[PDB]
Amino acid sequence: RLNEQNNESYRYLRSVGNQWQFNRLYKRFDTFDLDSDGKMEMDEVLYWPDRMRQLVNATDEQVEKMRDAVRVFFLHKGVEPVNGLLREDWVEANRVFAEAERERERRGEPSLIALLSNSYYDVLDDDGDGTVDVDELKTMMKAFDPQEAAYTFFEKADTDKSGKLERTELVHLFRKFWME
Ligand SMILES: [Mg+2]
Ligand SMILES: [Mg+2]
Ligand SMILES: [Mg+2]
């Protein structure tokens with residue numbers, strides 16, 4: 001069972017008075033239980049920024065900003081600080097987070113997906129031109145475990161055909177991906 005006591009998204013919804021109730025997906029979980037112990041843990045998810053950090057390019061501040069966004073993001077996705085997130089609570093945790101994000105949009109509050117995206121944006125672009133290119137996106141894939149395949153994400157996200165992903169466009173990429 002998931003509720004305001006063991007899940008941050010229910011904590012968020014009830015803090016603002018939203019009474020929402022929960023009544024492929026698992027493959028994503030299995031990609032994220034690195035040790036396959038069927039629990040996702042904060043040390044485990046915090047591995048992903050550690051990999052990204054080794055592949056670039058980036059300042060301590062930029063890396064820490066990303067580390068923090070990843071931590072906030074997975075916490076709200078249900079990964080509790082010490083207790084983690086069991087495979088059996090994964091599906092719910094996902095849907096409650098989707099509601100929390102819709103509620104944040106309704107209240108004009110910052111998307112946690114957007115926070116995560118913007119944090120990665122500053123780490124993915126570190127020739128410091130100030131935009132992300134398709135080679136830079138390749139690095140993102142390799143960090144989240146396949147480089148060619150970023151050509152697919154990329155074409156979908158550069159709706160101006162500029163040849164570079166700009167902040168807005170990356171937010172759209174991450175955003176669409178969790179929900180569709
Ligand atoms: Mg695990
Ligand atoms: Mg760049
Ligand atoms: Mg563009």
Side-chain angles (χ1 to χ4, degrees), residues 2 6-8 24-67 69-94 97 111 113-114 116-145 147-178:
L2 289 181
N6 64 2
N7 181 268
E8 188 69 25
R24 181 178 58 257
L25 217 273
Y26 280 114
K27 180 173 250 70
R28 285 203 192 172
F29 184 96
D30 283 323
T31 313
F32 278 89
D33 200 1
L34 293 171
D35 72 11
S36 282
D37 76 338
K39 201 214 299 166
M40 273 180 49
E41 299 185 84
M42 191 62 82
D43 37 290
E44 270 179 328
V45 307
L46 258 40
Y47 172 64
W48 298 115
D50 291 321
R51 180 159 172 87
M52 180 69 65
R53 156 182 206 164
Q54 299 280 16
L55 298 180
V56 303
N57 238 284
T59 63
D60 292 342
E61 192 189 51
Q62 285 167 347
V63 164
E64 184 57 25
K65 253 74 167 165
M66 161 179 172
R67 163 168 294 259
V70 156
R71 145 193 329 155
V72 164
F73 178 78
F74 284 99
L75 162 69
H76 284 250
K77 274 200 99 60
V79 187
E80 283 284 278
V82 196
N83 279 299
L85 180 53
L86 286 173
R87 193 177 209 264
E88 41 265 70
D89 293 327
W90 177 244
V91 173
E92 177 166 13
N94 199 271
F97 175 80
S111 174
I113 295 174
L116 178 66
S117 189
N118 279 318
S119 76
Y120 267 82
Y121 193 91
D122 288 313
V123 170
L124 288 171
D125 169 48
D126 284 321
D127 48 37
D129 91 66
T131 42
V132 179
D133 92 307
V134 87
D135 298 313
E136 285 157 323
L137 203 61
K138 292 185 202 172
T139 300
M140 186 192 69
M141 318 260 62
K142 184 185 181 185
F144 261 113
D145 263 286
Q147 300 223 134
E148 351 256 286
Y151 282 123
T152 302
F153 288 61
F154 202 96
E155 173 152 293
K156 292 185 164 62
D158 197 40
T159 51
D160 76 7
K161 244 238 278 110
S162 72
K164 307 295 173 291
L165 290 187
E166 290 91 22
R167 287 227 191 234
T168 294
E169 320 170 300
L170 205 56
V171 165
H172 258 97
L173 190 152
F174 280 63
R175 180 79 94 258
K176 218 286 185 302
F177 162 79
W178 281 291

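Atoms considered below: every heavy atom in the structure, side chains included; atoms not considered: hydrogens, waters and symmetry mates. Each ligand, and each atom within it, is numbered from 1 in the order the structure gives. Each residue takes its place number in the sequence, starting with 1.
Here the angle centred on the Mg ion (ligand 3), running from OE2 of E169 over to OD1 of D160, is 80°, rounded to 10°. Rounding to the nearest 10°, we obtain 80° for the angle at the Mg ion (ligand 1) between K39 O and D33 OD1. Rounded to 10°, the angle formed at the Mg ion (ligand 3) by OE1 of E166 and OG of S162 is 100°.
In terms of distance to the Mg ion (ligand 1), the nearest N, O or S atom of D35 is named OD1. The minimum distance between the Mg ion (ligand 1) and any N, O or S atom of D37 involves atom OD1. Of all N, O or S atoms in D125, the one lying closest to the Mg ion (ligand 2) is OD1. When the N, O or S atoms of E136 are ranked by distance to the Mg ion (ligand 2), OE2 comes first. Shortest distance from the Mg ion (ligand 3) to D158 is reached at OD1 (N/O/S atoms only). Atom OD2 is the N, O or S atom of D129 at the shortest distance from the Mg ion (ligand 2).
Residue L2 comes nearest to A93 through the heavy atom pair CD1-N, 3.5 Å, listed as atom of the first residue, atom of the second, then distance.
Residues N57 and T139 fail the side-chain proximity criterion, which asks for heavy atoms closer than 4.5 Å.
Residue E155 qualifies as open at atom CD: its count of foreign heavy atoms under 6.0 Å is 12 or below. Environment of NZ in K138: crowded, with over 12 heavy atoms of neighbouring residues, nucleotides or ligands closer than 6.0 Å.
You'll find the ring centres of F144 and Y120 inside the 6.0 Å limit. Close placement of the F73 and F97 rings is indicated, their centers lying within 6.0 Å of each other.
For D127, the nearest N, O or S atom to the Mg ion (ligand 2) falls under 2.8 Å. Checking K161 against the Mg ion (ligand 3), every N/O/S atom stays at or beyond the 2.8 Å cut-off.
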Are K142 and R51 close enough, and set up right, to give a side chain to side chain contact (heavy atoms under 4.5 Å, CB included), and what steps lead you there? CA-CA 9 Å; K142 184 185 181 185; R51 180 159 172 87; 4.0 Å; yes
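Salt-bridge check for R67 with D60: failed, with every basic side-chain N at 4.0 Å or more from each acidic carboxylate O.
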